[PDB]
Each structure stands twice: as C-alpha cells, then as structure tokens.
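The chain below stands alone and is given as structure tokens, in the form deposited in one PDB entry.
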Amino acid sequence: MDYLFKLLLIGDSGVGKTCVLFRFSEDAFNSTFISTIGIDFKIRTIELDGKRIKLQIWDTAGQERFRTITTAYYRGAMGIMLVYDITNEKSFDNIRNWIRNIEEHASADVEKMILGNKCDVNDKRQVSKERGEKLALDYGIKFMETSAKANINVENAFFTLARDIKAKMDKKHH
C-alpha cells in the first residue's frame, strides 16, 4: 500500500450500509459463504494513478455501543458515506441529523458523499433522484444512487470518494 484511507459508513438501520460494504469488498449480496454479523470493517485495495490505496471501510453506525456518537468515533476518518434508502423517506430526512453529527463531533476535516441506496427498487421509490441531488448540493457534498443488490455505482462511489481524498492529500503535499 502507498495510501491507507479510513472510510466510515453512517446512516439509519435498514438502508443497506452492510450490504454496500460486502458488495464492494466481497462482491456478495446476502450470500451464505459470508457472515455479515459483527463485522466492524472490511478492507479492499484499489489502484488510483498507479498507486495501491488500501480502503479500511467501517460499518459500526448501527450497533448499540455507538448509539451515543462522540468525537472519538470520527478520529482518523478521511471519508464518510452517508447512506439513505430511496424507498424510505424517513432515512433521507435523517441524513441532515447525521451531517450535523459529523459537523459537531468530527475533529478533523473529512470528504463526504451521500448514497441513495436500493435504486433497483423503482416501484417503491419515496425519494426522487432530484431531491437527493438538491440535499447533497445544499451541503456541498457529492451524490450517487447505488444498489448493493444489482451492483449499481458501488465501485463508482468508493473510487470517486477515494479520488477526492487522494486529490486533497496530494495537493496539501505538492
């Protein structure tokens, strides 16, 4: 590895944070060959500008011990994926509360991206792509609609976030 990026997945329970992680890291969706129970992080190494970037992606937003989130939770975090479910408007409304939680407790500056997950389920869509784009735009954050199930824009999301982290990091130094 040339770079090591600590990414966090945050968002309401049931939006598909764990499925996004295991789709990206294992190319699996609710498979029997994996256990997604009590997995705090997954590692995937990608290539940007010919360099090996090791992504340590954390999925700890759901579990009890971090239902009260403190400054300690976001320590070392270089990227955050804010995940909502396009079929659940309540999960989308709570993205503002998750952003406030980052703005208040994150000590260091961090690259952020909003994922509208479950974009394969169009018939149940409660949040238009336009409303997701307008929210992300209001906060100066990047936006994608993903599907952990259909494998839509999962690689694209993590490669785009990693690119934005690397670009910031490379500019600081040269």
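Residues that one form lacks are left out of the comparison. From 1 onward, residues are counted along the sequence shown. In this text, the rigid core denotes the largest set of C-alpha atoms whose superposition between the two forms falls within 1.5 Å.
The protein also exists as the form deposited in another entry; that form is not presented, and the subsequent description refers to it.
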Can you tell me which of these residues, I69, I46, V110, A136, is the one whose C-alpha shifts by at least 2 angstroms between this form and the one not shown after a rigid core fit? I69
After fitting the rigid core, is the C-alpha of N122 off by 2 Å or more between this form and the one not shown? no
If we fit on the core, is the Cα of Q56 displaced 2 Å or more between this form and the one not shown? no
Tell me whether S35 and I114 end up closer or farther apart in the other entry, going by their C-alpha atoms; the shift is 3 Å or more. closer
Working note: in the other entry the C-alpha atoms of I46 and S31, off by 3 Å or more, come farther
Which segments, of 3 or more consecutive residues, undergo C-alpha shifts of no less than 2 angstroms between this form and the one not shown following superposition on the core? 31 to 39, 60 to 66, 68 to 73
